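Here the structure comes first, spelled out in structure tokens, and everything after it is commentary.
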Amino acid sequence: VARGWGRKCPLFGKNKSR
């Protein structure tokens with residue numbers, strides 16, 4: 001359900017996690 005891990009999931013997408 002999270003095709004955009006880089007954004008959705010933080011642990012996976014630290015970029016968006018900030």
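Ordering of the structure tokens sets the chain letters (A, B, ...), residue numbers begin anew at 1 in every chain, and ligands are numbered from 1 in the order given.
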
Chain A: residues DSSP assigns to helix (DSSP H, G or I), reported as a PyMOL selection string: chain A and resi 14-17

I'd like the neighbourhood of residue A:6 as a PyMOL selection string, where a residue qualifies if any of its atoms comes within 7 Å (using only C-alpha atoms), though same-chain residues fewer than 5 positions away should be ignored. chain A and resi 12-16

Would you write out those residues with N, CA and C atoms, as a CSV table (one decimal), in the first residue's frame?
chain,number,residue,atom,x,y,z
A,12,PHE,N,12.1,4.0,5.6
A,12,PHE,CA,12.5,3.6,4.3
A,12,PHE,C,12.9,4.8,3.5
A,13,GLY,N,12.2,5.9,3.6
A,13,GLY,CA,12.4,7.1,2.9
A,13,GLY,C,12.9,8.2,3.8
A,14,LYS,N,14.1,8.1,4.4
A,14,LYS,CA,14.6,9.1,5.3
A,14,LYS,C,14.5,10.5,4.6
A,15,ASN,N,14.6,10.5,3.3
A,15,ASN,CA,14.5,11.8,2.6
A,15,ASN,C,13.3,12.6,3.0
A,16,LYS,N,12.2,12.0,3.0
A,16,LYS,CA,10.9,12.7,3.4
A,16,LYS,C,10.8,12.7,4.9
